[PDB]
>>> print(open('final30.pdb').read())   # PDB, C-alpha atoms
ATOM      1  CA  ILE V   3      -4.679  10.891  74.675
ATOM      2  CA  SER V   4      -5.802  10.780  78.305
ATOM      3  CA  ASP V   5      -4.200  11.312  81.707
ATOM      4  CA  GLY V   6      -4.065   7.981  83.549
ATOM      5  CA  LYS V   7      -4.515   6.066  80.297
ATOM      6  CA  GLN V   8      -1.659   6.385  77.780
ATOM      7  CA  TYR V   9       0.452   8.257  80.334
ATOM      8  CA  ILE V  10       0.592   8.993  84.035
ATOM      9  CA  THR V  11       1.364  12.309  85.692
ATOM     10  CA  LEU V  12       4.044  11.688  88.319
ATOM     11  CA  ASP V  13       3.249  12.489  91.947
ATOM     12  CA  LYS V  14       6.894  13.496  92.376
ATOM     13  CA  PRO V  15       8.248  14.951  89.127
ATOM     14  CA  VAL V  16      11.948  15.636  88.633
ATOM     15  CA  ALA V  17      13.599  18.971  87.846
ATOM     16  CA  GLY V  18      15.654  19.593  84.718
ATOM     17  CA  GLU V  19      15.494  20.921  81.170
ATOM     18  CA  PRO V  20      12.772  19.668  78.803
ATOM     19  CA  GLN V  21      13.561  16.332  77.178
ATOM     20  CA  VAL V  22      12.234  12.924  76.273
ATOM     21  CA  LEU V  23      14.065  10.374  78.417
ATOM     22  CA  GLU V  24      14.104   6.656  77.693
ATOM     23  CA  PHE V  25      15.480   3.784  79.821
ATOM     24  CA  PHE V  26      16.284   0.293  78.549
ATOM     25  CA  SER V  27      18.378  -2.820  79.206
ATOM     26  CA  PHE V  28      20.219  -5.038  76.721
ATOM     27  CA  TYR V  29      18.812  -7.977  78.750
ATOM     28  CA  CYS V  30      15.205  -6.829  78.266
ATOM     29  CA  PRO V  31      13.296  -8.742  75.536
ATOM     30  CA  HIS V  32      10.588  -6.082  75.255
ATOM     31  CA  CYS V  33      13.303  -3.444  74.870
ATOM     32  CA  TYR V  34      14.843  -5.489  72.050
ATOM     33  CA  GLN V  35      11.462  -5.786  70.360
ATOM     34  CA  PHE V  36      10.679  -2.097  70.860
ATOM     35  CA  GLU V  37      13.913  -1.335  69.034
ATOM     36  CA  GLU V  38      14.090  -3.942  66.294
ATOM     37  CA  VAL V  39      10.535  -5.140  65.663
ATOM     38  CA  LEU V  40       8.382  -2.083  66.414
ATOM     39  CA  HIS V  41      10.932   0.725  65.990
ATOM     40  CA  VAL V  42       9.202   2.628  68.763
ATOM     41  CA  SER V  43      11.863   5.303  69.319
ATOM     42  CA  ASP V  44      12.235   6.011  65.588
ATOM     43  CA  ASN V  45       8.471   6.496  65.358
ATOM     44  CA  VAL V  46       8.535   8.732  68.429
ATOM     45  CA  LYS V  47      11.315  10.893  66.987
ATOM     46  CA  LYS V  48       9.508  11.250  63.667
ATOM     47  CA  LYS V  49       6.543  12.835  65.465
ATOM     48  CA  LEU V  50       8.505  15.260  67.671
ATOM     49  CA  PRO V  51       9.155  18.900  66.777
ATOM     50  CA  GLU V  52      12.525  19.399  65.115
ATOM     51  CA  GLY V  53      15.106  20.032  67.830
ATOM     52  CA  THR V  54      13.376  18.156  70.637
ATOM     53  CA  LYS V  55      15.969  16.609  72.930
ATOM     54  CA  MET V  56      15.820  12.802  73.204
ATOM     55  CA  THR V  57      18.042  10.903  75.633
ATOM     56  CA  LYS V  58      18.448   7.148  76.137
ATOM     57  CA  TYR V  59      19.974   5.588  79.267
ATOM     58  CA  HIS V  60      20.754   1.983  80.212
ATOM     59  CA  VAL V  61      19.853   0.473  83.603
ATOM     60  CA  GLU V  62      21.897  -1.946  85.699
ATOM     61  CA  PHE V  63      18.792  -3.611  87.133
ATOM     62  CA  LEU V  64      18.655  -6.671  84.875
ATOM     63  CA  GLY V  65      21.171  -9.408  84.207
ATOM     64  CA  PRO V  66      24.454 -10.605  85.667
ATOM     65  CA  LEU V  67      26.361  -7.885  83.756
ATOM     66  CA  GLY V  68      23.824  -5.083  84.178
ATOM     67  CA  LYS V  69      26.525  -2.868  85.682
ATOM     68  CA  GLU V  70      29.089  -3.616  82.980
ATOM     69  CA  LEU V  71      26.559  -3.025  80.200
ATOM     70  CA  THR V  72      25.542   0.296  81.767
ATOM     71  CA  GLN V  73      29.201   1.325  81.662
ATOM     72  CA  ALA V  74      29.474   0.065  78.079
ATOM     73  CA  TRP V  75      26.416   2.127  77.143
ATOM     74  CA  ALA V  76      28.185   5.116  78.688
ATOM     75  CA  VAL V  77      31.140   4.291  76.410
ATOM     76  CA  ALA V  78      28.748   4.189  73.441
ATOM     77  CA  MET V  79      27.362   7.628  74.344
ATOM     78  CA  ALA V  80      30.816   9.057  75.089
ATOM     79  CA  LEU V  81      32.166   8.017  71.671
ATOM     80  CA  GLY V  82      28.914   8.598  69.780
ATOM     81  CA  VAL V  83      28.747   5.041  68.446
ATOM     82  CA  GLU V  84      25.238   4.135  69.645
ATOM     83  CA  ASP V  85      24.057   3.338  66.111
ATOM     84  CA  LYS V  86      26.992   0.979  65.557
ATOM     85  CA  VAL V  87      26.617  -1.136  68.675
ATOM     86  CA  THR V  88      22.969  -1.189  69.764
ATOM     87  CA  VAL V  89      21.725  -4.088  67.631
ATOM     88  CA  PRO V  90      24.987  -6.061  67.943
ATOM     89  CA  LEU V  91      24.707  -5.773  71.741
ATOM     90  CA  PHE V  92      21.070  -6.924  71.833
ATOM     91  CA  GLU V  93      22.037  -9.865  69.628
ATOM     92  CA  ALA V  94      25.094 -10.793  71.660
ATOM     93  CA  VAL V  95      23.266 -10.604  74.983
ATOM     94  CA  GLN V  96      19.967 -12.262  74.033
ATOM     95  CA  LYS V  97      20.501 -14.298  70.846
ATOM     96  CA  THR V  98      24.032 -15.661  70.580
ATOM     97  CA  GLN V  99      24.476 -15.287  74.339
ATOM     98  CA  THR V 100      28.131 -14.408  73.832
ATOM     99  CA  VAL V 101      28.231 -11.786  76.610
ATOM    100  CA  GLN V 102      29.464 -13.540  79.751
ATOM    101  CA  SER V 103      32.213 -11.127  80.796
ATOM    102  CA  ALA V 104      33.326  -7.531  80.357
ATOM    103  CA  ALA V 105      35.838  -8.809  77.813
ATOM    104  CA  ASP V 106      32.960 -10.169  75.736
ATOM    105  CA  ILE V 107      31.327  -6.737  75.639
ATOM    106  CA  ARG V 108      34.545  -5.203  74.295
ATOM    107  CA  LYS V 109      34.585  -7.787  71.506
ATOM    108  CA  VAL V 110      31.124  -6.690  70.369
ATOM    109  CA  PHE V 111      32.299  -3.067  70.138
ATOM    110  CA  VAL V 112      35.456  -4.063  68.288
ATOM    111  CA  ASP V 113      33.596  -6.275  65.807
ATOM    112  CA  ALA V 114      31.244  -3.345  65.186
ATOM    113  CA  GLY V 115      34.167  -1.153  64.124
ATOM    114  CA  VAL V 116      34.983   0.665  67.353
ATOM    115  CA  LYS V 117      38.747   0.729  67.839
ATOM    116  CA  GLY V 118      39.857  -1.382  70.796
ATOM    117  CA  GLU V 119      42.136   1.370  72.069
ATOM    118  CA  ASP V 120      39.347   3.951  71.913
ATOM    119  CA  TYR V 121      37.059   1.561  73.784
ATOM    120  CA  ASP V 122      39.669   0.975  76.520
ATOM    121  CA  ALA V 123      40.456   4.669  76.943
ATOM    122  CA  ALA V 124      36.731   5.468  77.130
ATOM    123  CA  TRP V 125      35.965   2.638  79.553
ATOM    124  CA  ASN V 126      38.415   4.155  82.011
ATOM    125  CA  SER V 127      37.543   7.789  81.350
ATOM    126  CA  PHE V 128      36.155  10.517  83.601
ATOM    127  CA  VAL V 129      33.374  11.137  81.071
ATOM    128  CA  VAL V 130      32.217   7.504  81.287
ATOM    129  CA  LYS V 131      32.412   7.439  85.100
ATOM    130  CA  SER V 132      30.264  10.584  85.155
ATOM    131  CA  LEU V 133      27.803   9.147  82.646
ATOM    132  CA  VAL V 134      27.390   6.004  84.736
ATOM    133  CA  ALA V 135      26.615   8.172  87.771
ATOM    134  CA  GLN V 136      24.169  10.255  85.708
ATOM    135  CA  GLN V 137      22.361   7.194  84.349
ATOM    136  CA  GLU V 138      22.028   5.847  87.890
ATOM    137  CA  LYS V 139      20.873   9.168  89.342
ATOM    138  CA  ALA V 140      18.233   9.688  86.664
ATOM    139  CA  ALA V 141      16.711   6.277  87.358
ATOM    140  CA  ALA V 142      16.800   6.808  91.128
ATOM    141  CA  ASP V 143      15.237  10.271  91.005
ATOM    142  CA  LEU V 144      12.340   8.920  88.906
ATOM    143  CA  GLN V 145      11.963   5.903  91.219
ATOM    144  CA  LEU V 146      12.291   3.661  88.181
ATOM    145  CA  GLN V 147      11.082   0.087  88.720
ATOM    146  CA  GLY V 148      11.482  -1.467  85.277
ATOM    147  CA  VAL V 149      12.100  -1.139  81.548
ATOM    148  CA  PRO V 150      11.228  -0.285  78.836
ATOM    149  CA  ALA V 151      10.344   3.141  80.229
ATOM    150  CA  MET V 152       9.939   6.621  78.771
ATOM    151  CA  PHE V 153       9.394  10.004  80.429
ATOM    152  CA  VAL V 154       8.543  13.452  79.129
ATOM    153  CA  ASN V 155       9.960  16.587  80.786
ATOM    154  CA  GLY V 156      10.488  14.751  84.075
ATOM    155  CA  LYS V 157       6.742  15.056  84.695
ATOM    156  CA  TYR V 158       4.984  12.303  82.742
ATOM    157  CA  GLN V 159       5.621   8.592  82.409
ATOM    158  CA  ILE V 160       4.432   6.843  79.242
ATOM    159  CA  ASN V 161       1.988   4.054  80.115
ATOM    160  CA  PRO V 162       1.855   1.502  77.296
ATOM    161  CA  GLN V 163      -0.496  -0.725  79.328
ATOM    162  CA  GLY V 164      -3.132   1.946  78.745
ATOM    163  CA  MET V 165      -2.673   2.192  74.989
ATOM    164  CA  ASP V 166      -4.755   0.781  72.164
ATOM    165  CA  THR V 167      -3.013  -2.448  71.138
ATOM    166  CA  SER V 168      -5.510  -3.667  68.524
ATOM    167  CA  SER V 169      -2.518  -4.316  66.261
ATOM    168  CA  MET V 170       1.231  -3.750  66.391
ATOM    169  CA  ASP V 171       0.993  -0.654  64.196
ATOM    170  CA  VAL V 172      -1.879   0.829  66.189
ATOM    171  CA  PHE V 173       0.205   0.434  69.340
ATOM    172  CA  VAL V 174       3.304   2.068  67.858
ATOM    173  CA  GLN V 175       1.283   5.011  66.577
ATOM    174  CA  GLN V 176      -0.367   5.411  70.006
ATOM    175  CA  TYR V 177       3.024   5.428  71.687
ATOM    176  CA  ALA V 178       4.367   8.087  69.347
ATOM    177  CA  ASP V 179       1.161  10.161  69.490
ATOM    178  CA  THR V 180       1.284  10.128  73.291
ATOM    179  CA  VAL V 181       4.854  11.416  73.491
ATOM    180  CA  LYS V 182       4.305  14.320  71.072
ATOM    181  CA  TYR V 183       1.087  15.249  72.874
ATOM    182  CA  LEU V 184       3.039  15.622  76.124
ATOM    183  CA  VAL V 185       5.942  17.482  74.530
ATOM    184  CA  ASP V 186       3.414  19.915  72.992
ATOM    185  CA  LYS V 187       1.799  20.299  76.411
TER     186      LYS V 187
END
>>> encode(input="final30.pdb", output="structure tokens")
Amino acid sequence: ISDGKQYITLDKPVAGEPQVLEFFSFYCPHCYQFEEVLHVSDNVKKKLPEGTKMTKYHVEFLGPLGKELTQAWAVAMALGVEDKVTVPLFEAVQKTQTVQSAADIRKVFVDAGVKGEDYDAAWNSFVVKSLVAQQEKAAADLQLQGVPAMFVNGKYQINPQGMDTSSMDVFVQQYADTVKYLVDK
């Protein structure tokens, strides 16, 4: 695992507690594949020391409802229903293409078993407003230009373009091996 290859050391790191920080968009096909074809984040987690903090934020950059989906992701985090809604949201945005309004996003949450009233209360909550601001600030501070993206300890950015991609499994194992190397460092 080499500096400038599988990862890059940021010229302007960001302050904060140690963590693995991931950014994605429900509009992003590579993000959808990373989740549902490659299971990148699951493989990453499996190789991290027990107790390592992992955080995942959405970005507003892509898509006509990038902002609304970033707020919906905040709702997902606020209510702790990420596992219920992540795949349904990827499917609704990219496959069935049933997400054309904020109302459509709510329907995905409701069909996934999140109570409509809990969704509405969360959407309009202080916690969600704060989480939207925090997601935006984290991306801005890291000068984020695209997704999928992953960072370790605010100091290193994972660089999949520099990884061995001889096969899908070799790539996934490289990605996971790179993250744990940096966390250990």
>>> residues_around(input="final30.pdb", residues="residue 181 in chain V", least_positions_apart="4", cutoff="7 Å", atoms="all atoms listed in the file", output="list in words")
residues 46, 177 and 185 of chain V
>>> resolve_selection(input="final30.pdb", expression="the PyMOL selection byres ((chain V and resi 120) around 12)", output="PyMOL selection string")
chain V and resi 77-78+80-83+108+111-112+115-119+121-127
>>> write_last_selection(input="final30.pdb", atoms="C-alpha atoms", output="short mmCIF file (atom, residue, chain, number, x, y, z; two decimals), in the coordinates of the input")
data_model
loop_
_atom_site.label_atom_id
_atom_site.label_comp_id
_atom_site.auth_asym_id
_atom_site.auth_seq_id
_atom_site.Cartn_x
_atom_site.Cartn_y
_atom_site.Cartn_z
CA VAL V 77 31.14 4.29 76.41
CA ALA V 78 28.75 4.19 73.44
CA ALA V 80 30.82 9.06 75.09
CA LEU V 81 32.17 8.02 71.67
CA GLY V 82 28.91 8.60 69.78
CA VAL V 83 28.75 5.04 68.45
CA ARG V 108 34.54 -5.20 74.30
CA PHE V 111 32.30 -3.07 70.14
CA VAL V 112 35.46 -4.06 68.29
CA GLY V 115 34.17 -1.15 64.12
CA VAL V 116 34.98 0.66 67.35
CA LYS V 117 38.75 0.73 67.84
CA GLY V 118 39.86 -1.38 70.80
CA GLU V 119 42.14 1.37 72.07
CA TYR V 121 37.06 1.56 73.78
CA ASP V 122 39.67 0.98 76.52
CA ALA V 123 40.46 4.67 76.94
CA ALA V 124 36.73 5.47 77.13
CA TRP V 125 35.97 2.64 79.55
CA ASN V 126 38.42 4.16 82.01
CA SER V 127 37.54 7.79 81.35
#
>>> resolve_selection(input="final30.pdb", expression="the PyMOL selection byres ((chain V and resi 48) around 12)", output="CSV table (one decimal) with C-alpha atoms, in the frame of the given file")
chain,number,residue,atom,x,y,z
V,41,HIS,CA,10.9,0.7,66.0
V,42,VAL,CA,9.2,2.6,68.8
V,43,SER,CA,11.9,5.3,69.3
V,44,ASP,CA,12.2,6.0,65.6
V,45,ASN,CA,8.5,6.5,65.4
V,46,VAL,CA,8.5,8.7,68.4
V,47,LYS,CA,11.3,10.9,67.0
V,49,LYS,CA,6.5,12.8,65.5
V,50,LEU,CA,8.5,15.3,67.7
V,51,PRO,CA,9.2,18.9,66.8
V,52,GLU,CA,12.5,19.4,65.1
V,53,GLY,CA,15.1,20.0,67.8
V,54,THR,CA,13.4,18.2,70.6
V,56,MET,CA,15.8,12.8,73.2
V,174,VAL,CA,3.3,2.1,67.9
V,175,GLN,CA,1.3,5.0,66.6
V,177,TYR,CA,3.0,5.4,71.7
V,178,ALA,CA,4.4,8.1,69.3
V,179,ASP,CA,1.2,10.2,69.5
V,181,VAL,CA,4.9,11.4,73.5
V,182,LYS,CA,4.3,14.3,71.1
>>> atom_distance(input="final30.pdb", atom1="CA of residue 25 in chain V", atom2="CA of residue 184 in chain V")
17.6 Å
>>> closest_residue(input="final30.pdb", among="V:73, V:28, V:11, V:19", to="residue 91 in chain V", atoms="all atoms listed in the file")
V:28
>>> closest_residue(input="final30.pdb", among="V:40, V:140, V:23, V:94", to="residue 171 in chain V", atoms="only C-alpha atoms")
V:40
>>> residues_around(input="final30.pdb", residues="residue 133 in chain V", least_positions_apart="4", cutoff="7 Å", atoms="all atoms listed in the file", output="CSV table (one decimal) with C-alpha atoms, in the frame of the given file")
chain,number,residue,atom,x,y,z
V,76,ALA,CA,28.2,5.1,78.7
V,129,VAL,CA,33.4,11.1,81.1
V,137,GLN,CA,22.4,7.2,84.3
>>> resolve_selection(input="final30.pdb", expression="the PyMOL selection byres ((chain V and resi 148) around 9)", output="PyMOL selection string")
chain V and resi 25-26+61+63-64+146-147+149-151
>>> atom_distance(input="final30.pdb", atom1="CA of residue 21 in chain V", atom2="CA of residue 85 in chain V")
20.0 Å
>>> residues_near_point(input="final30.pdb", point="(0.6, 9.1, 78.2)", cutoff="6 Å", atoms="all atoms listed in the file", output="list in words")
residues 8, 9, 10, 160, 161 and 180 of chain V
>>> atom_distance(input="final30.pdb", atom1="CA of residue 60 in chain V", atom2="CA of residue 155 in chain V")
18.2 Å
>>> residues_around(input="final30.pdb", residues="residue 14 in chain V", least_positions_apart="6", cutoff="10 Å", atoms="only C-alpha atoms", output="ChimeraX atom specification")
/V:143-145,156-158
>>> axis_aligned_box(input="final30.pdb", around="range 111-118 of chain V", padding_each_side="8 Å", output="lines of an AutoDock Vina configuration file")
center_x = 35.6
center_y = -2.8
center_z = 67.5
size_x = 24.6
size_y = 23.0
size_z = 22.7
>>> closest_residue(input="final30.pdb", among="V:113, V:13, V:106, V:37", to="residue 92 in chain V", atoms="all atoms listed in the file")
V:37
>>> closest_residue(input="final30.pdb", among="V:62, V:159, V:5, V:165", to="residue 135 in chain V", atoms="only C-alpha atoms")
V:62
>>> closest_residue(input="final30.pdb", among="V:109, V:134, V:36, V:22", to="residue 68 in chain V", atoms="all atoms listed in the file")
V:134
>>> closest_residue(input="final30.pdb", among="V:7, V:59, V:136, V:170", to="residue 39 in chain V", atoms="all atoms listed in the file")
V:170
>>> closest_atom_pairs(input="final30.pdb", of="range 15-68 of chain V", to="range 95-99 of chain V", cutoff="9 Å", atoms="all atoms listed in the file", output="JSON lines")
{"residue": "V:28", "atom": "CA", "partner": "V:95", "partner_atom": "CA", "distance": 6.6}
{"residue": "V:29", "atom": "CA", "partner": "V:95", "partner_atom": "CA", "distance": 6.4}
{"residue": "V:30", "atom": "CA", "partner": "V:96", "partner_atom": "CA", "distance": 8.4}
{"residue": "V:31", "atom": "CA", "partner": "V:96", "partner_atom": "CA", "distance": 7.7}
{"residue": "V:34", "atom": "CA", "partner": "V:96", "partner_atom": "CA", "distance": 8.7}
